[PDB]
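Novice: take a look and give me a structure for this.
(one chain, ligands or ions: 2)
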Amino acid sequence: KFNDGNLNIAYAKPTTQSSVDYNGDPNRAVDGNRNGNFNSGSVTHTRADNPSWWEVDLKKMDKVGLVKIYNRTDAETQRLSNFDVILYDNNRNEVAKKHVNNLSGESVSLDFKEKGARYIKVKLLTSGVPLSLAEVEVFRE
Ligand SMILES: CC(=O)N[C@@H]1[C@@H](O)[C@H](O[C@@H]2O[C@H](CO)[C@H](O)[C@H](O)[C@H]2O[C@@H]2O[C@@H](C)[C@@H](O)[C@@H](O)[C@@H]2O)[C@@H](CO)O[C@H]1O
Ligand SMILES: [Ca+2]
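Specialist: Residues are numbered from 1 along each chain as shown. Ligands and ions are numbered 1, 2, ... in the order given. Shown next is the structure:
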């Protein structure tokens, strides 16, 4: 649960996603393993949904600072493009959203500046594309 020596409040939290394919269960994005090789077991995978999404539930309202999203790296890296990262409160009202067009490297870092939220959803905006995430780390600052 510590990453770059900061408390990752997403680690081991309940997760869900739009569907599962290739046994890529949503808990693989909070297993503390940033390995983005799908065949190594640490990467999520949905079916080609309308659209595909993944979410972590922090179980209670918390204050969200940095969210770091680690892509799949072995193949199909471009799938993680044209997507929203959305924070929802305890009643599933949208409290903040950032749009990411694509990644220049293996991850993206977003700063939600202490926004109060319970859920963090990663939602592809291109339908018919599987969502795969190696890891999603969430910090309080
Ligand atoms: C470990 C194993 O044998 N599982 C199979 C996967 O390796 C297959 O993935 C495709 O495999 C080729 C080599 O033959 C290459 O690694 C491709 O990148 C890979 O395909 C991608 O990954 C899949 C998980 C899907 O996301 C697919 O849409 C990608 O294009 C898969 C698919 O044939 O079958 C497993 O059984
Ligand atoms: Ca992982």
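
Novice: and the residue in the chain positioned nearest to ligand 1, what is it in contact with?
Specialist: Residue of the chain nearest ligand 1, by CB to the nearest ligand atom: residue 75 (3.3 Å). Heads up, the C-betas are built off the backbone N, CA and C, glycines and all. By CB atoms under 8 Å, 6 or more residues apart in numbering, the residues touching residue 75 are residue 38.

Novice: mind checking how far residue 78 is from residue 132?
Specialist: Applying CB to CB, to the nearest Å, the value for residue 78 to residue 132 is 11 Å.

Novice: before we move on, the earlier item: any idea which element the residue of the chain closest to ligand 1 lies in?
Specialist: For residue 75, there is no host helix or strand (DSSP states H and E).

Novice: does residue 76 touch residue 132 like I think?
Specialist: Yes. Using CB atoms under 8 Å, residue 76 is in contact with residue 132, at 7.2 Å.

Novice: which of these two has more neighbours?
Specialist: residue 132 (27 against 14; other CB atoms under 10 Å).

Novice: residues contacting the more buried one?
Specialist: Here residue 132 is in contact with 24, 38, 43, 44, 45, 46, 71, 72, 76, 79, 80 (criterion: CB under 8 Å, 6+ apart).

Novice: next up, the contacts around the nearest residue to it once chain neighbours are set aside.
Specialist: In space, and not counting its chain neighbours, residue 132 is closest to residue 72: 4.3 Å by CB to CB, 6 or more residues apart in numbering. By CB under 8 Å, 6+ apart, the residues touching residue 72 are 36, 38, 43, 79, 80, 132, 133, 134.
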